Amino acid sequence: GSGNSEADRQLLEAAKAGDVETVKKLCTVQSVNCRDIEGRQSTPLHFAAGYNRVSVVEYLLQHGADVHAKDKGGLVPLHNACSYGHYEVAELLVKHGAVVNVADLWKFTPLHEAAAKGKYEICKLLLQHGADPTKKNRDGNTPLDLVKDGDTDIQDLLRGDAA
């Protein structure tokens, strides 16, 4: 493709920063799904999801952002929200249609990310929306295989034993 303009770079920054007023000014049908070419090809939505910019996420979803957009590793925004623990964001994405069992290039799901990163409430959320805890990544590992021993709440959750 033809790359980014300065205005596109300004939009990616505003999305990561939570500068919602700037995002409103810069987001066009042509820019809303631009990619961060010099990073890992994150879209505005990837950034806003990863950095917990809930107002930005809301705006982007309402103005044509692609919930399914893949970064260089095949991560979709829901992966980013789950990795970094951002529950409201994850819920928003799921409400708009995010695929809860989506796999990146390494067959990691959002539940693998949440498990590995010790995010109990995210794991519970994903489970409440149909996440399959038996899915194996390219290493043969389930989400449970990625849970630290100190996260016994998550271990119980994924075994079937949580309140």
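Note that residue numbering begins at 1 and tracks the sequence as displayed. Under this definition, the rigid core comprises the largest set of C-alpha atoms superposing within 1.5 Å between the forms.
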| query | finding |
| --- | --- |
| Positional deviation of Cα atoms in 8 other deposited structures of this protein after core superposition, greater for 116-124 or 52-60 | 116-124 |
| Comparing 144-152 and 18-26 where Cα RMS over structures and residues is taken in 8 other deposited structures of this protein (core fit), larger one | 144-152 |
| Between the two ranges 8-16 and 146-154, the one averaging a larger CA B factor in the entry | 146-154 |
| Mean C-alpha temperature factor, higher of 22-30 and 125-133 | 22-30 |
| Within-chain third of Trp106 by Cα B-factor, per the entry | highest |
| Third of the chain, ranked by Cα B-factor, where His112 sits | lowest |
| Chain-relative CA temperature factor third for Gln41 | middle |
| Chain-relative CA temperature factor third for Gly118 | middle |
| Modelled-residue ranking by C-alpha temperature factor, third containing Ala49 | lowest |
